[PDB]
Amino acid sequence: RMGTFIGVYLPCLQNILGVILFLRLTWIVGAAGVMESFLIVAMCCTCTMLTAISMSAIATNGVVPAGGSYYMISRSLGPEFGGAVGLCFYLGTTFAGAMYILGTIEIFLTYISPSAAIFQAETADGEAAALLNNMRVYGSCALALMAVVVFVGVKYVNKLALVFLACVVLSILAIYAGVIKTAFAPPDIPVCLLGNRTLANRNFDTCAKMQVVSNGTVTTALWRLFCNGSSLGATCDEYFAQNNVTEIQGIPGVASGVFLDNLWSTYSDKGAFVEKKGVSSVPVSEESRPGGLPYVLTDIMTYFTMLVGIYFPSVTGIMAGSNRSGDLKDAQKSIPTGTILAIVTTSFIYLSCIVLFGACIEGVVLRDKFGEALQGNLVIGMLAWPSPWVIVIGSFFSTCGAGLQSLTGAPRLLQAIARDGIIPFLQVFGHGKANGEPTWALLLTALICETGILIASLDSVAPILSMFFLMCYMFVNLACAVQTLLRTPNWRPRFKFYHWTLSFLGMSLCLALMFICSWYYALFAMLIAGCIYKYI
Ligand SMILES: *[C@@H]1O[C@H](CO)[C@@H](O[C@@H]2O[C@H](CO)[C@@H](O[C@@H]3O[C@H](CO)[C@@H](O)[C@H](O)[C@@H]3O)[C@H](O)[C@H]2NC(C)=O)[C@H](O)[C@H]1NC(C)=O
Ligand SMILES: *[C@@H]1O[C@H](CO)[C@@H](O[C@@H]2O[C@H](CO)[C@@H](O[C@@H]3O[C@H](CO)[C@@H](O)[C@H](O)[C@@H]3O)[C@H](O)[C@H]2NC(C)=O)[C@H](O)[C@H]1NC(C)=O
Ligand SMILES: [Cl-]
Ligand SMILES: [K+]
């Protein structure tokens, strides 16, 4: 028997906090402004808070059965809602596992061991075409190893969830320690630029121009990289000879300097240079030549309503506190307080991190997303106090642990759906090992997660996860609303602060979020969502 803290509040903090806060929150604050990102996080936290209130009403209605969240949802709501919500949350869990192991592999390939990942080509576009294949092969390897270890060592991972959560909370503590200690002695982070273009200092040092005085008349290492020859006047690029070089102080301390700079959105295109406003730059207007030059070039084009689909997995995962409802003591009291306090905690964390990222990191550093301008390091790791080597290993361990947790929880939930004869076409996934864990569902989960991982892009596998979780939350909200609306013979919720209009407002809210994220998926998603509903 467990209580309130370890029973509910820690698993929610464990599975909510994940890869996005470490790998894409800074890029999101950079591409949009502080205001747009504020609006994004307000929406994505309001939908989850309203869904949590409705789910707490479910949790306090009646005698909650023991087991997972599916038993609660099925017993309280109708059976057909149970199957639809279970299918949606199952697909969400497996695609979230795909995204989490993708984040693990991205960390390992990009930040820790760059002298790795053999599957590469030597061409300007060859790297952009071979990164996907390299991430695909490492993804297949990691998924296979993950399924193998979760098929054997199930008694190992549950004792390791404590270590995973300790690692991620230590990472958050380090980020706050850095953002507080930057007020007295900010670090000396150099970022070099020609004006409205900035350079990726992976290779060179001392970004000053032609002659650093060793004897006074030797070319800079940067000079050779732009110019054809290591000599003066060796037919260098015209943009190099028109514009000057300078060095800006990346990550200034949080004092009145950059908050007004990073305020409004930019919404750059794909392939354009990352630009700093204010500095003077003359144009050329006859040549671009972006291939082999050390300019940092952007990722996929950034417009609003795409950042919603990138960001939303950062706030999801609230069905975890309702996962261990069998082993609680007075679960109807533990769940509605623990879940809502968890969402309040994570929303406070995200709002604080946004308002601090807007006010400490330079706006040209924010749009890096790969650390190409900070000597190939991590930007949020360079923000931390002791060393960036704690944040990279922290995110590595936490993301690998979250992936293990998803690959543990999704097959058990699929097995619990299949045991009930709600789906007669999929009864075969009811066989399990004599110990009691599922075996045949694990194959299907690993296969669906591989189908997810073959897309091999964290920025285009996140919207699928977002749409699935939005559909699940919308179904739960609509179910509670219409249940208390039609005054069903068995719907007696005992939660104090629960209306019929509050769940309706949540339903409409993340309906608008789904419609604003991607509408082309939304059409056929709502089409099949109604179609699976009538079959039962
Ligand atoms: C390279 O960086 C320097 C900043 O150190 C800038 O070039 C600077 O440009 C200004 C404006 O043309 C120059 O000032 C002028 O200076 C002369 C010097 O006698 C003065 O008589 C004029 O009244 C005027 O104030 C300044 O000398 C020059 N500094 C240099 C070359 O070190 C500029 O930001 C960059 N140059 C570019 C983009 O061409
Ligand atoms: C960084 O420096 C460049 C180099 O001067 C500047 O580019 C300026 O960017 C604006 C907005 O993209 C351009 O404006 C628009 O240009 C089109 C081109 O025909 C014109 O038809 C529109 O009416 C509008 O004025 C501007 O031409 C361009 N100036 C240049 C290239 O000399 C700007 O300071 C920075 N680049 C940005 C913000 O993209
Ligand atoms: Cl959830
Ligand atoms: K999450």
# chains A, B, ... in the order shown; residues from 1 in each chain; ligands from 1
$ residues_around --residues "residue 301 of chain A" --least-positions-apart "4" --cutoff "7 Å" --atoms "only C-alpha atoms" --output "ChimeraX atom specification"
/A:268-270
$ residues_around --residues "residue 345 of chain A" --least-positions-apart "3" --cutoff "12 Å" --atoms "only C-alpha atoms" --output "PyMOL selection string"
chain A and resi 9-10+12-14+16-17+45+49+315+338-342+348-352
$ write_last_selection --atoms "N, CA and C atoms" --output "PDB file, in the first residue's frame"
ATOM      1  N   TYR A   9       2.047  11.358  -7.445  1.00  0.00           N
ATOM      2  CA  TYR A   9       2.653  12.615  -7.869  1.00  0.00           C
ATOM      3  C   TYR A   9       3.998  12.396  -8.545  1.00  0.00           C
ATOM      4  N   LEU A  10       4.689  11.328  -8.200  1.00  0.00           N
ATOM      5  CA  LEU A  10       5.988  11.100  -8.820  1.00  0.00           C
ATOM      6  C   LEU A  10       5.889  10.457 -10.207  1.00  0.00           C
ATOM      7  N   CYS A  12       3.583  10.903 -12.460  1.00  0.00           N
ATOM      8  CA  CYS A  12       3.173  11.961 -13.375  1.00  0.00           C
ATOM      9  C   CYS A  12       4.348  12.859 -13.732  1.00  0.00           C
ATOM     10  N   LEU A  13       5.114  13.294 -12.728  1.00  0.00           N
ATOM     11  CA  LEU A  13       6.305  14.089 -13.001  1.00  0.00           C
ATOM     12  C   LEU A  13       7.335  13.304 -13.797  1.00  0.00           C
ATOM     13  N   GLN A  14       7.318  11.979 -13.682  1.00  0.00           N
ATOM     14  CA  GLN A  14       8.296  11.162 -14.385  1.00  0.00           C
ATOM     15  C   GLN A  14       7.979  11.078 -15.869  1.00  0.00           C
ATOM     16  N   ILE A  16       5.625  12.934 -17.618  1.00  0.00           N
ATOM     17  CA  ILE A  16       5.333  14.201 -18.280  1.00  0.00           C
ATOM     18  C   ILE A  16       6.619  14.841 -18.784  1.00  0.00           C
ATOM     19  N   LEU A  17       7.584  15.040 -17.888  1.00  0.00           N
ATOM     20  CA  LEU A  17       8.844  15.679 -18.243  1.00  0.00           C
ATOM     21  C   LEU A  17       9.680  14.731 -19.091  1.00  0.00           C
ATOM     22  N   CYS A  45      -1.517  23.635 -21.716  1.00  0.00           N
ATOM     23  CA  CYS A  45      -1.720  23.311 -20.315  1.00  0.00           C
ATOM     24  C   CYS A  45      -3.177  23.420 -19.906  1.00  0.00           C
ATOM     25  N   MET A  49      -5.308  20.486 -18.144  1.00  0.00           N
ATOM     26  CA  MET A  49      -5.893  20.731 -16.830  1.00  0.00           C
ATOM     27  C   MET A  49      -7.384  20.414 -16.814  1.00  0.00           C
ATOM     28  N   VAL A 315       3.601  18.146 -22.620  1.00  0.00           N
ATOM     29  CA  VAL A 315       2.625  18.338 -21.556  1.00  0.00           C
ATOM     30  C   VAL A 315       1.764  17.107 -21.336  1.00  0.00           C
ATOM     31  N   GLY A 338      -3.212  14.750  -6.510  1.00  0.00           N
ATOM     32  CA  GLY A 338      -1.887  14.503  -7.051  1.00  0.00           C
ATOM     33  C   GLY A 338      -1.771  14.860  -8.520  1.00  0.00           C
ATOM     34  N   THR A 339      -2.766  14.467  -9.321  1.00  0.00           N
ATOM     35  CA  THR A 339      -2.713  14.754 -10.752  1.00  0.00           C
ATOM     36  C   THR A 339      -2.716  16.254 -11.023  1.00  0.00           C
ATOM     37  N   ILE A 340      -3.611  16.986 -10.360  1.00  0.00           N
ATOM     38  CA  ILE A 340      -3.734  18.413 -10.625  1.00  0.00           C
ATOM     39  C   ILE A 340      -2.515  19.165 -10.106  1.00  0.00           C
ATOM     40  N   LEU A 341      -1.973  18.753  -8.955  1.00  0.00           N
ATOM     41  CA  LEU A 341      -0.745  19.386  -8.490  1.00  0.00           C
ATOM     42  C   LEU A 341       0.429  19.064  -9.401  1.00  0.00           C
ATOM     43  N   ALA A 342       0.434  17.879 -10.016  1.00  0.00           N
ATOM     44  CA  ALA A 342       1.480  17.557 -10.979  1.00  0.00           C
ATOM     45  C   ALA A 342       1.405  18.463 -12.195  1.00  0.00           C
ATOM     46  N   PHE A 348       4.196  25.290 -14.220  1.00  0.00           N
ATOM     47  CA  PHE A 348       5.062  26.308 -13.638  1.00  0.00           C
ATOM     48  C   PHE A 348       6.487  26.168 -14.151  1.00  0.00           C
ATOM     49  N   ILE A 349       6.966  24.927 -14.271  1.00  0.00           N
ATOM     50  CA  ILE A 349       8.316  24.686 -14.777  1.00  0.00           C
ATOM     51  C   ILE A 349       8.454  25.227 -16.192  1.00  0.00           C
ATOM     52  N   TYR A 350       7.480  24.927 -17.050  1.00  0.00           N
ATOM     53  CA  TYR A 350       7.584  25.338 -18.446  1.00  0.00           C
ATOM     54  C   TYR A 350       7.465  26.849 -18.599  1.00  0.00           C
ATOM     55  N   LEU A 351       6.557  27.484 -17.852  1.00  0.00           N
ATOM     56  CA  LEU A 351       6.425  28.936 -17.950  1.00  0.00           C
ATOM     57  C   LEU A 351       7.672  29.647 -17.436  1.00  0.00           C
ATOM     58  N   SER A 352       8.231  29.174 -16.321  1.00  0.00           N
ATOM     59  CA  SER A 352       9.472  29.750 -15.822  1.00  0.00           C
ATOM     60  C   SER A 352      10.611  29.567 -16.818  1.00  0.00           C
TER      61      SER A 352
END
$ select_by_dssp --residues "segment 143-315 of chain A" --states "alpha helix (DSSP H)" --output "ChimeraX atom specification"
/A:143-152,154-181,221-226,238-242,306-311
$ residues_near_ligand --ligand "ligand 4" --cutoff "8 Å" --atoms "only C-alpha atoms and all ligand atoms" --output "list in words"
residues 15, 16, 17, 18, 19, 96, 313, 314, 315, 316 and 317 of chain A
$ closest_atom_pairs --of "chain A" --to "ligand 3" --cutoff "12 Å" --atoms "only C-alpha atoms and all ligand atoms" --output "tab-separated table"
residue	atom	partner	partner_atom_place_in_ligand_line	distance
A:11	CA	ligand 3	1 (Cl)	11.4
A:12	CA	ligand 3	1 (Cl)	8.9
A:13	CA	ligand 3	1 (Cl)	11.6
A:15	CA	ligand 3	1 (Cl)	8.9
A:16	CA	ligand 3	1 (Cl)	8.2
A:17	CA	ligand 3	1 (Cl)	11.9
A:47	CA	ligand 3	1 (Cl)	11.3
A:48	CA	ligand 3	1 (Cl)	8.2
A:49	CA	ligand 3	1 (Cl)	10.9
A:51	CA	ligand 3	1 (Cl)	9.2
A:52	CA	ligand 3	1 (Cl)	8.9
A:55	CA	ligand 3	1 (Cl)	10.3
A:69	CA	ligand 3	1 (Cl)	10.0
A:70	CA	ligand 3	1 (Cl)	11.9
A:85	CA	ligand 3	1 (Cl)	11.0
A:86	CA	ligand 3	1 (Cl)	11.4
A:88	CA	ligand 3	1 (Cl)	10.6
A:89	CA	ligand 3	1 (Cl)	7.6
A:90	CA	ligand 3	1 (Cl)	10.5
A:91	CA	ligand 3	1 (Cl)	11.8
A:92	CA	ligand 3	1 (Cl)	8.7
A:93	CA	ligand 3	1 (Cl)	8.8
A:96	CA	ligand 3	1 (Cl)	10.8
A:312	CA	ligand 3	1 (Cl)	11.3
A:313	CA	ligand 3	1 (Cl)	9.5
A:314	CA	ligand 3	1 (Cl)	10.8
A:315	CA	ligand 3	1 (Cl)	8.5
A:316	CA	ligand 3	1 (Cl)	5.0
A:317	CA	ligand 3	1 (Cl)	3.3
A:318	CA	ligand 3	1 (Cl)	3.6
A:319	CA	ligand 3	1 (Cl)	4.1
A:320	CA	ligand 3	1 (Cl)	6.8
A:321	CA	ligand 3	1 (Cl)	9.1
A:322	CA	ligand 3	1 (Cl)	9.4
A:323	CA	ligand 3	1 (Cl)	10.3
A:339	CA	ligand 3	1 (Cl)	10.5
A:343	CA	ligand 3	1 (Cl)	10.9
A:406	CA	ligand 3	1 (Cl)	11.7
A:465	CA	ligand 3	1 (Cl)	11.2
A:466	CA	ligand 3	1 (Cl)	10.8
A:468	CA	ligand 3	1 (Cl)	10.6
A:469	CA	ligand 3	1 (Cl)	7.1
A:470	CA	ligand 3	1 (Cl)	9.6
A:471	CA	ligand 3	1 (Cl)	11.3
A:472	CA	ligand 3	1 (Cl)	8.6
A:473	CA	ligand 3	1 (Cl)	8.0
A:474	CA	ligand 3	1 (Cl)	11.8
A:476	CA	ligand 3	1 (Cl)	11.0
$ write_last_selection --atoms "N, CA and C atoms" --output "CSV table (one decimal), in the first residue's frame"
chain,number,residue,atom,x,y,z
A,11,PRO,N,5.0,9.5,-10.5
A,11,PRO,CA,4.9,8.9,-11.8
A,11,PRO,C,4.5,10.0,-12.9
A,12,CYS,N,3.6,10.9,-12.5
A,12,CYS,CA,3.2,12.0,-13.4
A,12,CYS,C,4.3,12.9,-13.7
A,13,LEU,N,5.1,13.3,-12.7
A,13,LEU,CA,6.3,14.1,-13.0
A,13,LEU,C,7.3,13.3,-13.8
A,15,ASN,N,6.7,10.8,-16.2
A,15,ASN,CA,6.4,10.6,-17.6
A,15,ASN,C,6.0,11.9,-18.3
A,16,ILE,N,5.6,12.9,-17.6
A,16,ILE,CA,5.3,14.2,-18.3
A,16,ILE,C,6.6,14.8,-18.8
A,17,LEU,N,7.6,15.0,-17.9
A,17,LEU,CA,8.8,15.7,-18.2
A,17,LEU,C,9.7,14.7,-19.1
A,47,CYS,N,-5.9,22.6,-21.8
A,47,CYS,CA,-6.6,21.4,-22.2
A,47,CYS,C,-6.3,20.3,-21.3
A,48,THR,N,-5.0,20.1,-20.9
A,48,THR,CA,-4.6,19.0,-20.0
A,48,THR,C,-5.2,19.2,-18.6
A,49,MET,N,-5.3,20.5,-18.1
A,49,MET,CA,-5.9,20.7,-16.8
A,49,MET,C,-7.4,20.4,-16.8
A,51,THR,N,-9.0,18.3,-18.9
A,51,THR,CA,-9.1,16.9,-19.0
A,51,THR,C,-8.7,16.2,-17.7
A,52,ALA,N,-7.8,16.8,-16.9
A,52,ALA,CA,-7.5,16.2,-15.6
A,52,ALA,C,-8.6,16.3,-14.6
A,55,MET,N,-11.2,13.7,-15.6
A,55,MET,CA,-10.7,12.4,-15.2
A,55,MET,C,-10.8,12.2,-13.7
A,69,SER,N,-5.6,2.5,-15.8
A,69,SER,CA,-6.6,3.6,-16.1
A,69,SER,C,-7.7,3.1,-17.0
A,70,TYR,N,-7.4,2.0,-17.8
A,70,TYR,CA,-8.5,1.5,-18.7
A,70,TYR,C,-9.6,0.9,-17.9
A,85,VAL,N,-11.1,5.0,-26.3
A,85,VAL,CA,-10.1,5.7,-25.5
A,85,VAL,C,-8.8,4.8,-25.3
A,86,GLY,N,-9.1,3.5,-25.2
A,86,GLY,CA,-7.9,2.6,-25.0
A,86,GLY,C,-7.1,2.5,-26.3
A,88,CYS,N,-6.8,4.8,-28.6
A,88,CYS,CA,-6.1,6.0,-28.8
A,88,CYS,C,-4.9,6.2,-27.9
A,89,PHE,N,-5.1,5.9,-26.6
A,89,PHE,CA,-4.0,6.0,-25.7
A,89,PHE,C,-3.0,4.9,-25.9
A,90,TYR,N,-3.3,3.8,-26.5
A,90,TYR,CA,-2.3,2.8,-26.8
A,90,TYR,C,-1.4,3.2,-27.9
A,91,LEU,N,-2.0,3.7,-29.0
A,91,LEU,CA,-1.3,4.3,-30.1
A,91,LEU,C,-0.4,5.5,-29.7
A,92,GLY,N,-1.0,6.3,-28.8
A,92,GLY,CA,-0.2,7.4,-28.3
A,92,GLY,C,1.0,6.9,-27.5
A,93,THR,N,0.8,5.9,-26.7
A,93,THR,CA,2.0,5.4,-25.9
A,93,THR,C,3.1,4.8,-26.8
A,96,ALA,N,4.8,7.6,-28.7
A,96,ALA,CA,5.6,8.3,-27.7
A,96,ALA,C,6.9,7.6,-27.4
A,312,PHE,N,3.4,19.9,-28.1
A,312,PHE,CA,2.4,19.2,-27.3
A,312,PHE,C,2.8,17.9,-26.6
A,313,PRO,N,3.7,17.1,-27.1
A,313,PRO,CA,4.1,15.9,-26.2
A,313,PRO,C,4.9,16.3,-24.9
A,314,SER,N,5.2,17.6,-24.8
A,314,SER,CA,5.9,18.0,-23.5
A,314,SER,C,4.9,18.1,-22.4
A,315,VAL,N,3.6,18.1,-22.6
A,315,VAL,CA,2.6,18.3,-21.6
A,315,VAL,C,1.8,17.1,-21.3
A,316,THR,N,1.9,16.1,-22.2
A,316,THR,CA,1.0,14.9,-22.1
A,316,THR,C,1.7,13.9,-21.2
A,317,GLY,N,0.8,12.9,-20.8
A,317,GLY,CA,1.3,11.8,-20.0
A,317,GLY,C,0.6,11.7,-18.7
A,318,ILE,N,-0.6,12.3,-18.6
A,318,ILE,CA,-1.3,12.4,-17.3
A,318,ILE,C,-2.1,11.2,-16.9
A,319,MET,N,-2.2,10.1,-17.7
A,319,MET,CA,-2.8,8.9,-17.3
A,319,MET,C,-1.9,8.0,-16.5
A,320,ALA,N,-0.8,8.5,-16.1
A,320,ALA,CA,0.1,7.7,-15.3
A,320,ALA,C,-0.3,7.6,-13.8
A,321,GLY,N,-0.7,8.7,-13.3
A,321,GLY,CA,-1.2,8.7,-11.9
A,321,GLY,C,-2.4,7.9,-11.7
A,322,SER,N,-3.3,7.8,-12.7
A,322,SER,CA,-4.4,6.8,-12.7
A,322,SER,C,-4.0,5.4,-13.1
A,323,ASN,N,-2.7,5.1,-13.0
A,323,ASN,CA,-2.2,3.8,-13.5
A,323,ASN,C,-2.1,2.8,-12.4
A,339,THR,N,-2.8,14.5,-9.3
A,339,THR,CA,-2.7,14.8,-10.8
A,339,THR,C,-2.7,16.3,-11.0
A,343,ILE,N,0.2,18.7,-12.7
A,343,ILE,CA,0.1,19.5,-13.9
A,343,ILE,C,0.4,21.0,-13.5
A,406,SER,N,7.4,3.4,-21.6
A,406,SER,CA,6.3,3.3,-22.6
A,406,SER,C,6.2,1.9,-23.2
A,465,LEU,N,1.7,11.8,-32.7
A,465,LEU,CA,1.5,11.6,-31.2
A,465,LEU,C,0.5,12.7,-30.7
A,466,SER,N,0.7,13.9,-31.1
A,466,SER,CA,-0.2,15.0,-30.6
A,466,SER,C,-1.6,14.8,-31.0
A,468,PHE,N,-3.1,11.9,-31.8
A,468,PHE,CA,-3.6,10.8,-31.1
A,468,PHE,C,-4.0,11.1,-29.6
A,469,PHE,N,-3.2,11.8,-28.9
A,469,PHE,CA,-3.5,12.2,-27.5
A,469,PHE,C,-4.6,13.2,-27.5
A,470,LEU,N,-4.7,14.1,-28.5
A,470,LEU,CA,-5.8,15.1,-28.5
A,470,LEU,C,-7.1,14.4,-28.8
A,471,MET,N,-7.1,13.4,-29.6
A,471,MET,CA,-8.3,12.6,-29.9
A,471,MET,C,-8.8,11.9,-28.6
A,472,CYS,N,-7.8,11.3,-27.9
A,472,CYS,CA,-8.2,10.6,-26.6
A,472,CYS,C,-8.7,11.5,-25.6
A,473,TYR,N,-8.1,12.7,-25.4
A,473,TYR,CA,-8.6,13.7,-24.4
A,473,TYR,C,-9.9,14.2,-24.8
A,474,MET,N,-10.1,14.5,-26.1
A,474,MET,CA,-11.4,15.0,-26.6
A,474,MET,C,-12.5,13.9,-26.3
A,476,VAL,N,-12.5,11.6,-23.9
A,476,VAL,CA,-12.8,11.6,-22.5
A,476,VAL,C,-13.7,12.8,-22.1
$ atom_distance --atom1 "atom CA of residue 174 of chain A" --atom2 "atom CA of residue 386 of chain A"
7.5 Å
$ residues_near_ligand --ligand "ligand 2" --cutoff "9 Å" --atoms "only C-alpha atoms and all ligand atoms" --output "JSON list (two decimals) with N, CA and C atoms, in the first residue's frame"
[["chain", "number", "residue", "atom", "x", "y", "z"],
["A", 195, "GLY", "N", 27.39, 39.87, -39.71],
["A", 195, "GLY", "CA", 26.32, 40.84, -39.83],
["A", 195, "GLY", "C", 24.98, 40.13, -39.72],
["A", 196, "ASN", "N", 24.19, 40.18, -40.78],
["A", 196, "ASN", "CA", 22.95, 39.42, -40.81],
["A", 196, "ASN", "C", 23.16, 37.94, -41.12],
["A", 197, "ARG", "N", 24.38, 37.43, -40.98],
["A", 197, "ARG", "CA", 24.64, 35.99, -41.02],
["A", 197, "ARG", "C", 25.61, 35.65, -39.89],
["A", 268, "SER", "N", 11.14, 32.15, -39.72],
["A", 268, "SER", "CA", 12.04, 32.04, -40.86],
["A", 268, "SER", "C", 11.57, 30.94, -41.81],
["A", 272, "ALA", "N", 17.27, 29.33, -45.10],
["A", 272, "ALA", "CA", 17.80, 30.67, -44.91],
["A", 272, "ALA", "C", 18.82, 30.69, -43.78],
["A", 273, "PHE", "N", 19.67, 31.70, -43.80],
["A", 273, "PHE", "CA", 20.63, 31.89, -42.73],
["A", 273, "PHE", "C", 19.93, 32.38, -41.48],
["A", 275, "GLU", "N", 19.81, 35.03, -38.60],
["A", 275, "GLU", "CA", 20.16, 36.43, -38.71],
["A", 275, "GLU", "C", 20.00, 37.13, -37.37],
["A", 276, "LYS", "N", 20.88, 38.09, -37.09],
["A", 276, "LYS", "CA", 20.73, 38.94, -35.92],
["A", 276, "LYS", "C", 20.27, 40.32, -36.37],
["A", 277, "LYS", "N", 19.26, 40.87, -35.70],
["A", 277, "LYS", "CA", 18.78, 42.20, -36.03],
["A", 277, "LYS", "C", 19.67, 43.26, -35.39],
["A", 278, "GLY", "N", 19.73, 44.42, -36.03],
["A", 278, "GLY", "CA", 20.45, 45.55, -35.47],
["A", 278, "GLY", "C", 21.80, 45.80, -36.10],
["A", 279, "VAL", "N", 22.54, 44.73, -36.37],
["A", 279, "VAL", "CA", 23.87, 44.88, -36.95],
["A", 279, "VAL", "C", 23.75, 45.28, -38.42],
["A", 280, "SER", "N", 24.76, 45.99, -38.91],
["A", 280, "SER", "CA", 24.74, 46.53, -40.26],
["A", 280, "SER", "C", 25.34, 45.52, -41.23],
["A", 281, "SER", "N", 24.64, 45.28, -42.34],
["A", 281, "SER", "CA", 25.09, 44.33, -43.34],
["A", 281, "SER", "C", 24.70, 44.84, -44.72],
["A", 282, "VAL", "N", 25.69, 45.01, -45.59],
["A", 282, "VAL", "CA", 25.44, 45.42, -46.97],
["A", 282, "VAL", "C", 25.07, 44.17, -47.77],
["A", 283, "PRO", "N", 24.27, 44.30, -48.83],
["A", 283, "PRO", "CA", 23.90, 43.11, -49.60],
["A", 283, "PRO", "C", 24.85, 42.84, -50.75],
["A", 284, "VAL", "N", 24.59, 41.79, -51.52],
["A", 284, "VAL", "CA", 25.33, 41.49, -52.74],
["A", 284, "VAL", "C", 24.39, 41.37, -53.94],
["A", 285, "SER", "N", 23.43, 40.44, -53.87],
["A", 285, "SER", "CA", 22.34, 40.24, -54.82],
["A", 285, "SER", "C", 22.79, 39.70, -56.18]]
$ closest_residue --among "A:475, A:240, A:95, A:429" --to "residue 504 of chain A" --atoms "only C-alpha atoms"
A:475
$ residues_around --residues "residue 152 of chain A" --least-positions-apart "2" --cutoff "12 Å" --atoms "only C-alpha atoms" --output "PyMOL selection string"
chain A and resi 145-150+154-157+408+433+435+437-439
$ select_by_dssp --residues "segment 260-492 of chain A" --states "strand (DSSP E or B)" --output "PyMOL selection string"
chain A and resi 273+295+297+328+432+438
$ write_last_selection --atoms "N, CA, C and O atoms" --output "mmCIF file, in the first residue's frame"
data_model
loop_
_atom_site.group_PDB
_atom_site.id
_atom_site.type_symbol
_atom_site.label_atom_id
_atom_site.label_comp_id
_atom_site.auth_asym_id
_atom_site.auth_seq_id
_atom_site.Cartn_x
_atom_site.Cartn_y
_atom_site.Cartn_z
ATOM 1 N N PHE A 273 19.671 31.700 -43.804
ATOM 2 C CA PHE A 273 20.634 31.892 -42.734
ATOM 3 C C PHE A 273 19.929 32.384 -41.480
ATOM 4 O O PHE A 273 18.854 32.985 -41.543
ATOM 5 N N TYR A 295 28.184 28.772 -42.839
ATOM 6 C CA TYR A 295 26.964 29.391 -42.339
ATOM 7 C C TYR A 295 26.043 28.346 -41.732
ATOM 8 O O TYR A 295 25.878 27.250 -42.276
ATOM 9 N N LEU A 297 22.567 26.939 -41.348
ATOM 10 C CA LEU A 297 21.353 26.981 -42.144
ATOM 11 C C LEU A 297 20.214 26.363 -41.351
ATOM 12 O O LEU A 297 20.431 25.462 -40.537
ATOM 13 N N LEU A 328 -3.282 2.032 -4.168
ATOM 14 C CA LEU A 328 -3.353 3.261 -3.398
ATOM 15 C C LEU A 328 -4.155 3.056 -2.117
ATOM 16 O O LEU A 328 -4.786 2.018 -1.903
ATOM 17 N N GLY A 432 -0.310 -14.736 -22.698
ATOM 18 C CA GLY A 432 0.793 -14.140 -21.978
ATOM 19 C C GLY A 432 1.665 -15.207 -21.352
ATOM 20 O O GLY A 432 1.326 -16.391 -21.338
ATOM 21 N N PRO A 438 2.484 -9.579 -20.854
ATOM 22 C CA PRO A 438 2.091 -9.945 -22.219
ATOM 23 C C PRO A 438 3.299 -10.231 -23.094
ATOM 24 O O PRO A 438 4.365 -9.635 -22.931
#
